[PDB]
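Below, chains carry the letters A, B, ... as their sequence lines are ordered, and counting in each starts from 1.
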Amino acid sequence: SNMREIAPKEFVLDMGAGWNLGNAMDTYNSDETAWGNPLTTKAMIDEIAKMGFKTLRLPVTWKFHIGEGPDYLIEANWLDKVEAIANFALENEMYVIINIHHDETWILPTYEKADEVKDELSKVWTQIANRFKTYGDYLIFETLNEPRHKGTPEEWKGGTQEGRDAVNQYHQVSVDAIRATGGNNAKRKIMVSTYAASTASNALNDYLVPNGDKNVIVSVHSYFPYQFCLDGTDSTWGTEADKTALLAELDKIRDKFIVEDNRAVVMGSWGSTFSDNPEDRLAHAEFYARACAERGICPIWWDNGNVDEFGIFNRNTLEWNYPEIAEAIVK
Amino acid sequence: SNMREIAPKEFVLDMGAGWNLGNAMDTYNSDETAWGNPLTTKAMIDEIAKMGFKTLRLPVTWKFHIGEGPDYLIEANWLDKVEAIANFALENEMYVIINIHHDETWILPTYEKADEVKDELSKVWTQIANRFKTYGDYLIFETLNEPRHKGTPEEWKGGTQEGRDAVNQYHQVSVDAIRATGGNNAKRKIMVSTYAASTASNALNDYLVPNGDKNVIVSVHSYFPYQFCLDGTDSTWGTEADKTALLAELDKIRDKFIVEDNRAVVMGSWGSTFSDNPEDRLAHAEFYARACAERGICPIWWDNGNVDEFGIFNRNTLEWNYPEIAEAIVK
Amino acid sequence: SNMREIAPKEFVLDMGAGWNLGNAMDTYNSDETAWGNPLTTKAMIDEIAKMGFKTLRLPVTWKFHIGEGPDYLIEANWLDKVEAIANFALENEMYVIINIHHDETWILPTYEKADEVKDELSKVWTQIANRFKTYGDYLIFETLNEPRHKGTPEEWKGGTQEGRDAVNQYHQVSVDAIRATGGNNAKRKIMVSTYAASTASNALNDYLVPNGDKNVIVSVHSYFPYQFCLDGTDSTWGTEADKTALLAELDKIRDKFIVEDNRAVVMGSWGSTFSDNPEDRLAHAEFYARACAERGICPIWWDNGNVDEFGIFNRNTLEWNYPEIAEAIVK
Ligand SMILES: OC[C@H]1O[C@@H](O[C@H]2[C@H](O)[C@@H](O)[C@H](O[C@H]3[C@H](O)[C@@H](O)[C@@H](O)O[C@@H]3CO)O[C@@H]2CO)[C@H](O)[C@@H](O)[C@@H]1O
Ligand SMILES: OC[C@H]1O[C@@H](O[C@H]2[C@H](O)[C@@H](O)[C@H](O[C@H]3[C@H](O)[C@@H](O)[C@@H](O)O[C@@H]3CO)O[C@@H]2CO)[C@H](O)[C@@H](O)[C@@H]1O
Ligand SMILES: OC[C@H]1O[C@@H](O[C@H]2[C@H](O)[C@@H](O)[C@H](O[C@H]3[C@H](O)[C@@H](O)[C@@H](O)O[C@@H]3CO)O[C@@H]2CO)[C@H](O)[C@@H](O)[C@@H]1O
Ligand SMILES: [Mg+2]
Ligand SMILES: [Mg+2]
Ligand SMILES: [Mg+2]
């Protein structure tokens, strides 16, 4: 229940390294087990903590448990599930990040939809914030995961000018709704993303922190380089050129947010999918996490529980599939 | 004239141990003999090489030999003197470091002065770099000795936030000016310092390598512990606590620059002033150099030519005043 | 249970020649018979003493009998087994060395693990030391067998710089824990190893005796030459080149520890695996032991109880499998 006097820069260093409980509560289905992961237990989270991860990101997709508007009431039972998992992490002395994840179907960033979306978001973030209001500063809110216009040609290229405008407004309404509930929520750290959590120059240039709020942290995701990390079109990593380009991606993030804007940055998702390339994945993970540490950025590995993809921890056995990667990330 | 394909960490190991030609071309007077040292000769430098030092640091104060703006022309004769001394060392197969030394009167790190300073520095480093363009990779440039705001309370405590920002900008302009002259200067190793070459946490945290340039080496100076080394308030050295603390100062340097940032480090100045304690000075020198060698740091002893202070070599007779200290440094 | 005034040099001469009770209490299994040796009896030890061995090395692996943190309690019954075997030897007028053996899984020499490891080691050595506090100076503690980072490329090549640093710290904590229990443990001889008990130049150079404690003896193991002794890739021994090189390995040990450092040295493990080469094994054993005796080094043969490997004594029948080797060692 305690709130410290701690600037975002120092707070993000104290966050250490993080791990995502991916494809669990973020699962796009009313049943959170539908994407192949079991109901999350304390024993799973205990292992994450023991490995040395200081932050748990707890992504949550709310769509299937929001009732009809005008109220848009969140099922109390669904909040109970989120709350229990959060406590598994807080008990382990970990930071916990709770977000709005695969909810883009009702978070459409167009001027036409803005008032409707703002209204629903406002009511939803009000209810999430109210439920977690008494918690201390180890609990962090992240307003929107990768807010964007699904299906459009600019979805993954920093959006349109209109897209970026509406996303800043959606963050505005979400931050205000959280702050307005008062208590610890007046001062709680809040992670605010760029459009789609993109690092493209256009997304960076139109980024706005709501109210210049001094307790807002920047959220970007950078699966760099995407050919290796996401597409599987490249399975090799480690040449000078690989290293130089990654450093240049992280320098662009530092120069803009940290140096020029005096903000802290959480890389709330990154990692590489498995492509029969364990040596390269390890080298990439070690290098990426070290480069983030050098720049004061908190790196949070994306784990979807599937060993053939992003899974480095076996949730069923509680053994690490790729403990080397884990050990490299938390160094 | 040759430039090898050689990473900084390996280059710094090859630098071995170094010795400073202090109070010579760095002398704050139009006459470089005014601080008690003679005009430097090849025979002096031969002895430095014969003793086993592999690196000569050739500090240079340029103030008395720079013309008025807007050109800020460096006297050609002064460049000739620097060049001759450099060749004394290169002929002995030693590395040689050329810098900008006691020039803080026109290198004021304030926002107010930044544009005037950047302009002059750019023009001055352009001229130094052009004169030495054809030299091979045994010749190293160090952009700024101990850049700082003289007189301020934070001068020797890592500066102000403003101080540190202006110093990073000054390094930026200097590195760019060197690189822009092309030739061997495209790939030559450059030593870039923290504010005042300080190892204080603040100076370490705000340090930026211009452009992430991969041929930049970190420069810090650590006269550790200062009470023994500089102030003469303590003349004893060798307890467990003395050793442990020195190891901890060097570990802080390694952990930040070498491990976390993947940079090489030249300790371009360190040593102890004479305080009627030859046994302690020797033990300190042996221990400090060994600890640097074990961490891959190049140690360069500060010698001001005065046997009652930092002088371990007699420049007049070409005999060593304290050969044991020299022999302990070179391993 | 008396403590003599006896310097390490004289103590090591009095230790004579030794034999290891290998693959017994050091066995990496909850059951100490799992590696093919029976429960050790006084009648076995009587034969070791009768043959002329003056020292018994009693290696002990503790892992399977240490309870959970934070106490890390050693099973009293396991200590009783160690104690009984020790007394078998003490009753025979022998020295006995008790160690920590195949316990590298919780003694990981990295900076990351150092605090966790130091804490456990401190508590474990405190309990071993307390159990044996009243014993006289015929009982010797050896802090760590072959401490190292298992699996790494430098495991058997003297470690990394980090490896060696962490091992010196582990020895520091272990020696301090023993000394702090007081009584006879203030003055008991303690054998302190290099990294992996290696004689590689890097392991030798970074070796530190905790506190310069004057009752610490050096522990190194040198299965020289390893091609003959360990790998079985060479089965011949006895040329002048074989002899000259072995003499040079032992001179390197003498020159560093005995002459330059004024320390005593126990070669706590050496020997040769059987390679269908009895005549050569004998010649090697005779020569190696004589060369150790001439240098004041105590040689202790490694015996794993398996006649096809290092076993020269039959523990089941109490007959010697290779009495010639034993006689050559103790001569
Ligand atoms: O296999 C089960 C299920 O997977 C669904 O795809 C998931 C991926 O498994 C998951 O890795 C990915 O995670 C992304 C995360 O949600 C984003 O925030 C961002 O960080 O990028 C991550 C990596 O792409 O999410 C997708 C869903 O978008 C399939 O869609 C589904 O068919 C399948 O059953
Ligand atoms: O006695 C000659 C002259 O000395 C000046 O002091 C010199 C010191 O002799 C010299 O040791 C010192 O060196 C410093 C070096 O320049 C710095 O880069 C850093 O490494 O610290 C060194 C040790 O302090 O420099 C000073 C000059 O600042 C006197 O100022 C002068 O009055 C006197 O005539
Ligand atoms: O007996 C079968 C059992 O043996 C295990 O290997 C043992 C060797 O038998 C033993 O000789 C060897 O001894 C080493 C000693 O422990 C070290 O301190 C050092 O002095 O080197 C000695 C020579 O190697 O230890 C090994 C274990 O590390 C097998 O591992 C096991 O699979 C098998 O069942
Ligand atoms: Mg590739
Ligand atoms: Mg002192
Ligand atoms: Mg042979």
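- Heavy atoms of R295(A) lying under 4.5 Å from chain B are absent altogether.
- Surrounding NZ of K252(B) are more than 12 heavy atoms belonging to other residues, nucleotides or ligands, all under 6.0 Å away.
- Pairs passing the side chain to side chain donor-acceptor pair (under 3.5 Å) check and including a residue from residues 319-331 of chain A, sequence neighbours excluded, do not occur.
- Of residues 265-289 of chain A, not one residue has a non-hydrogen atom less than 4.5 Å from any non-hydrogen atom of chain B.
- Other residues, nucleotides and ligands contribute only 12 or fewer heavy atoms inside 6.0 Å of the CD atom of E116(B).
- By the 6.0 Å contact criterion, NZ on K187(A) is open, its count of non-hydrogen atoms from other residues, nucleotides or ligands being 12 or less.
- Few gaps surround NZ on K133(B); more than 12 heavy atoms of other groups in view lie less than 6.0 Å from it.
- We find the CG-CG distance between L208(B) and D251(A) to be 9.0 Å, quoted to the nearest 0.5 Å.
- Side-chain contact check for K243(A) versus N262(B): every heavy-atom pair is 4.5 Å or farther apart.
- Atom CD of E5(A) has 12 or fewer neighbouring heavy atoms from other residues, nucleotides or ligands inside a 6.0 Å radius.
- Of all non-hydrogen atoms in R290(A) and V259(B), the two that sit nearest each other are CD-O, 3.2 Å.
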